[PDB]
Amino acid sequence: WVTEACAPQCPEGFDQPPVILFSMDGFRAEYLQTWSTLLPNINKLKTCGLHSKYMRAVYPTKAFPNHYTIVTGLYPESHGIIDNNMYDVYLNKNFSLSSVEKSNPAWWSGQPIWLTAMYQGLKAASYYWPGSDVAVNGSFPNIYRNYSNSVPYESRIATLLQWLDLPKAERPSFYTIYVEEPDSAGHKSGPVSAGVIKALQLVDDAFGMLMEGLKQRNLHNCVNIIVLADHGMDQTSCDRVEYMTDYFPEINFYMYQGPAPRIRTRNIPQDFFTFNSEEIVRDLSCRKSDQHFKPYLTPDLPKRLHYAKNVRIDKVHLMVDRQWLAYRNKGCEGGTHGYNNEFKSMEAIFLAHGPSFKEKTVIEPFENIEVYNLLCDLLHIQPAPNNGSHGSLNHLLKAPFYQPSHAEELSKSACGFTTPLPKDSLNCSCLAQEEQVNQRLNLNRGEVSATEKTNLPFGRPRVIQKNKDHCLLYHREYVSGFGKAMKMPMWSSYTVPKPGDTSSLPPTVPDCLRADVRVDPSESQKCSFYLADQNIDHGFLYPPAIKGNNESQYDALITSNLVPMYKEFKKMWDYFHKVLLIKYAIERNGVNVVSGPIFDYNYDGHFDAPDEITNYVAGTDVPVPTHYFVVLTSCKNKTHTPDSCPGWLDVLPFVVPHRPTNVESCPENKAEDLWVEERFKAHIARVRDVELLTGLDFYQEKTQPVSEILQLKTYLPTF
């Protein structure tokens, strides 16, 4: 097989292609992009078959959360396995690799692929996998095997080939195989060592034994083999470790030491809920200028990670930088994993071979949460509710099983111009003159279609929320979707064109703010609402001084486009729309911005119901957003503008947390140009992430297949 050339070639007896999920622990993308030629069998698979540049892991980048994420399609917070070592309050038990509690079905949530196959009339066998040796939802896989890390790989492969020798009735359709290397060698020496090469050569022979075995069984060109990894590897040193003793006078708390630290109380389960978690982050927030970590609360963490809604995730969490560790006391060598999944060193591998997959194709990077949807499509089975976008991975397959469709709108738009005179002043006034700008808001059929072409190129974001009373408001420079109930816009779409050298930019008009004649005063936001609240003040979603002359910016300064913002948050919001937005408009040759509020007080990752919202503006029914999104959209080819682009798009979304203090960025000593960009970049999320938090599906009028649009939806930009 290793000497053979690139080729369904399935023989009689086998009617459907079998799926094998090969896992090589700690096999980073760096290993495949540098040492691939040293691996004869793996190099023959990357050339003939299909492979990605890298496969994005899930935080924390460890075996048990990632392996179980691949088989379920759920985030660690949803499937329960948030860490290899964790504690449950309600069950009052400790989960550990050495403990017997690993076999307890109460820890394991969701439905893995092997069970999904069994519930749909397909047998599933497994030779090692975190969860396969556990009775998830009562049932066990058809051929499960109790874990033993010291078993030789040749015997593991031999028994898997023996399962394929079984007759059609007893013969399983789905398989999984786990390998400890090149992870064990990564901890022993490091990611750039001779030790990992020997382990990489050892996994190559192990994969070689499977392909050579399948060759004599005439299944090497029939089997849909998927060789992937859980995480990557990063070098560590005893000099590159942050000690907690240098931050606290006395340690009276339990900490999960390593790349993903979690602070918990010792007295459990009584003092768990009453433990002052917000105190620890406050005592760790920018204590040193050369600090190698950042303390975070569960909802304060970047939304893209999806690591908050689970009782096992301790409220106080630590975000350690690249190559650096965190320990409780003074009492390391080689390498480790558990860091941010966005990091280059934590990028896993993905390689596939078979008749279902496209031959000699190098696909773009994707998240492990999507593997479950692909596995279901390969086995011809309906998936269980997972967090992966079904249909996103159709570009990998020659013949896609699931054809995705656009998200159905559950709420119809129904605001209209009648007279330019306002019924109620709403305690707001502009010093400037007669009401001439009020008639400019009133646009004819042609003028509406003009702004629905320039500022709305991919169409209006459809409301996926049930009974959401909303109205569409049109302006010459921006189109917005006002939310009648929350008295603020859900979204605001506007295409900023490519500007000149622009050394001096026009400033925003101060003290000028009028009332909207289209929106009814009962559903309108009053300026007196922010008068009583000293902490929160009126902020505009769409910046007025971004398009046109001094007269044109009068449309934004109205009761509409007004959203509640903190005085400290405005420093991040205004600087981004005055310096950064223009800077990235030059690089992309114009940019389409879709911005709005996010309500996620229950930190589940989904949009909040009116009852779910806990904080409102002082003595008013207008809510306060938890986060604010900014979706920047352009094109892959820089020659075209977002208003008129034929081809593939380029996206840069954000989920900026709406916090009363900039304690996350730490603005002390640093000028706005040194921390605003850094925070936005740290809070970059997928288009699917903004969609789930708002209940607004984007890009529905874009002339491209639903499968191709989902690739942009799942896309996460990495710098």
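Residue indices: 1-based, along the sequence shown.
For the stretch from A432 to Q433, please bin the deposited residues that the model skips: none, 1 to 3, 4 to 9, or 10 or more.
Per the record, 4 to 9 deposited residues are absent between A432 and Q433.
How many missing residues of the deposited sequence lie between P249 and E250 in the entry, grouped as none, 1 to 3, 4 to 9, or 10 or more?
Missing residues, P249 to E250: none.
Given 600-608 and 522-530, the range whose Cα B-factors average higher in the PDB entry
Higher mean C-alpha B-factor in the PDB entry: 522-530.
Which has higher Cα B-factors on average according to the PDB entry: 312-320 or 177-185?
The entry gives the higher C-alpha B-factor average to 312-320.
Residue with highest C-alpha B-factor in the PDB entry, from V100, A158, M255, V71:
Of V100, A158, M255, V71, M255 has the highest C-alpha B-factor.
Please work out which residue in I263, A169, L164, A384 has the highest C-alpha B-factor recorded for this crystal structure.
Max CA B-factor in the entry, restricted to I263, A169, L164, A384: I263.
Would you check the entry's CA temperature factor for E333 and let me know if it's in the chain's lowest, middle or highest third?
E333: CA B-factor falls in the middle third of its chain.
When the modelled residues of the chain are sorted by Cα temperature factor, does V655 land in the lowest, middle or highest third?
Within its chain, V655 is a middle-third residue by C-alpha B-factor, going by the deposited values.
Place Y575 in the lowest, middle or highest third of its chain's C-alpha B-factors, as listed in the PDB entry.
Tercile = middle for this residue's CA B-factor.
How does the C-alpha B factor of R588 compare with the rest of the chain: lowest, middle or highest third?
It belongs to the highest third of the chain when residues are ordered by C-alpha B-factor.
Using only modelled residues of the chain, where does the Cα B factor of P76 rank: lowest third, middle third or highest third?
Tercile = lowest for this residue's CA B-factor.
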